[PDB]
Each structure stands twice: as structure tokens, then as C-alpha cells.
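We place every Cβ from the backbone using ideal geometry, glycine too, and count neighbours over all the protein chains shown. Only the coordinates and a few stated rules stand behind these numbers; no lab work does.
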Amino acid sequence: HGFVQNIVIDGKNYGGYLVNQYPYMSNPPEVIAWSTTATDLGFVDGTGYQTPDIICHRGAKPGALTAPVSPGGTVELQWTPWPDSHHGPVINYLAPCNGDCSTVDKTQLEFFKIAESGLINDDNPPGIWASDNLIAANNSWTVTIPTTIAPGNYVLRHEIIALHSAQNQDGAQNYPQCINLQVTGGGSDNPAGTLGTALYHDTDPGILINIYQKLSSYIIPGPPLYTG
Ligand SMILES: [Cl-]
Ligand SMILES: [Cl-]
Ligand SMILES: [Cl-]
Ligand SMILES: [Cl-]
Ligand SMILES: [Cl-]
Ligand SMILES: [Cl-]
Ligand SMILES: [Cl-]
Ligand SMILES: [Cl-]
Ligand SMILES: [Cl-]
Ligand SMILES: [Cu+2]
């Protein structure tokens, strides 16, 4: 359980959607982060993978604001403290807004995978995962925006999938968090995208999995990584 509280881009902080605060206030601020209704700080499990909740989390709506990113710049997402038990991959996607991200129809977003990290070491099951790297980095993840994609406005869909209960069907816990970015530079690719509701299925080999056994490999969920 947790959420993204802060985003660091080009030497400033952009506050996140504080789902434990803003849903209870009259006058929540405009932010680059999507609003959600996930006030339990929880997840979308496999029962939700073919529902709109998986796109940017339960009840999500676009952020009002969009953050510029320098060409090939970084976006650092800072989480609330991530539980050690919640082992799993960290995955990042972009989808073009083709206009202002604040007015996009989330159900039409076509995401391409720009980064993925999975099982890092398995000397001591259940092992060390990308989520454990995130914890070790004081609950942070750094995304590098590709220089090879067409400039424009994009949604970044940043996600942890916790696998501590994933031995049974619909037991994996997905924690998507979306933010709005303006990508800048000289790239030209328009990578092939996947609708949010087509990213995952509840029988995928990196979804329906017993992490407590020895693992010789791990198939990170979702469509293929884009590399320009
Ligand atoms: Cl709100
Ligand atoms: Cl505001
Ligand atoms: Cl305000
Ligand atoms: Cl925690
Ligand atoms: Cl655009
Ligand atoms: Cl270990
Ligand atoms: Cl471990
Ligand atoms: Cl362009
Ligand atoms: Cl496998
Ligand atoms: Cu949890």
C-alpha cells in the first residue's frame, strides 16, 4: 500500500495527488498527477485488469497540469514508504495525449513500455526485486524519457506490482500512478501502443506466481519494451 507523493523534474518538485488528503478537501490543488479514488492506498488486482481502473488506478481523472521534461531528462517519482513484503516489478509506460493531457479519454490511451525492472537476485527467496531497489533508494524511482520518441504531451503510467499474495488467481496487486508530461526534443518514433485494459491478464507468468519458491527467471508482465 502506498502512492506517489512527489515528482522531481529539472530541479523542482511537483507535488503529487495526495490521495489521503485531497479527496477530503473542498479546494484540492491542481497538480500534474491524476486524481484517484484509491483512498485505501490500495491496488487494482486481476479482477480489474479488463476494467478502466487498471489504466491510472480506481476512478482516475487526468491532472490539470503538465510538467515539461528536458530532452532525455529524468522524472523521479517519490512514494510513501513501500513495504518490504510487497516484492515485485516496477514498470513504466508512456501514452500520447495528442492534445492537452488534462482532457484525454483515458480509455483510448495507447501505452508503450519505456522501462521495466523485475527480479534482481534470488539467493534468498523470495528474493530482491525492483520494489526493493525502490525502497533502497529511499522510496524513489527514476525514469529517463527516451530521446527517440515524437515530442508532445504524454501520460506517464508508473507502476509497482506487488506479488506477495500472487500465488492465487487475482492475488497480484497493481499500483499504477499517472502523471502528465510534455516531452521535448528531436525524436520521431510513435511506438506501437497497448490499451490499458490489454496490458495484463490474471494468468500471466509474472502475475500468477509463487515468489516464495526458488525462481530461475521472471517474465515481467505487459507488452514488449520499446527501445529506439
Ligand atoms: Cl480531489
Ligand atoms: Cl491549485
Ligand atoms: Cl491550491
Ligand atoms: Cl509502509
Ligand atoms: Cl500532444
Ligand atoms: Cl538476499
Ligand atoms: Cl527479500
Ligand atoms: Cl512532434
Ligand atoms: Cl516464467
Ligand atoms: Cu499493500
In whole Hz and in residue order, list the ³J(HN,Hα) couplings for segment 137-149 that follow from phi through the Karplus curve 6.51 cos²θ - 1.76 cosθ + 1.60, θ = phi - 60°; x for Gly and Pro.
7, 6, 6, 9, 9, 10, 9, 9, 6, x, 8, 9, 8
In whole Å, largest first, the alpha carbons of segment 91-228 cover along the principal axes 46, 29, 25
Could you line up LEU208, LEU77 from fewest to most neighbouring Cβ atoms inside 10 Å?
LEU208, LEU77
Extension gain (nm, one decimal) between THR107 and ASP123, 0.36 nm per residue minus Cα-Cα:
1.7 nm
Normalised contact order of segment 2-228, rounded percent, pairs of Cα under 8 Å and 6 or more residues apart:
25
Give the residues of segment 132-152 whose amide nitrogen is closer than 13 Å to a point set 7 Å from the Cα of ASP10 in the direction of its Cβ.
152
Whole-angstrom gap from segment 127-201 to segment 10-82, using each part's C-alpha centre:
12
Dipole magnitude of the chain about its Cα centre, charges +1 at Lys/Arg Cβ and -1 at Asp/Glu Cβ only, in debye to the nearest 20?
280
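Loop only per DSSP, at most 11 neighbouring Cβ atoms within 10 Å: give me the GluC sites (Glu not before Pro) in segment 81-183, ordered by residue number.
Details: sites: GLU110, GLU116, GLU159; in loops: none.
Within segment 81-183, no GluC sites (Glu not before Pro) qualify (loop, at most 11 other Cβ atoms within 10 Å).
Net charge around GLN169, counting only other residues with Cβ within less than 13 Å of its Cβ (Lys, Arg = +1; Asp, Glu = -1)?
On the way: positive: none; negative: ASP45, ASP170, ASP202, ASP204.
Overall, the nearby charge balance is -4.
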Could you rank the peptides 186-193, 59-66 by their average count of other C-beta atoms within 10 Å per residue, with the highest value first?
59-66, 186-193
Residues with beta-carbon under 14 Å from that of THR203, excluding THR203: net charge, scoring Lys, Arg +1 and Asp, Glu -1?
-4
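In terms of the ratio Rg/(2.2 N^0.38 Å) built on C-alpha atoms, what value belongs to segment 45-129? Each step should come with its number before you reach the end.
On the way: Rg = 15.9 Å, N = 85, 2.2 N^0.38 = 11.9 Å.
So the Cα radius of gyration is 1.34 times the expected 2.2 N^0.38 Å.
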per DSSP, antiparallel bridges as share of beta bridges in the chain, % nearest 5, sits at 90
Could you give me the ³J(HN,Hα) list for segment 160-165, computed from phi with Karplus coefficients 6.51, -1.76, 1.60 and θ = phi - 60°, whole Hz, x at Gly and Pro?
9, 10, 8, 10, 5, 10
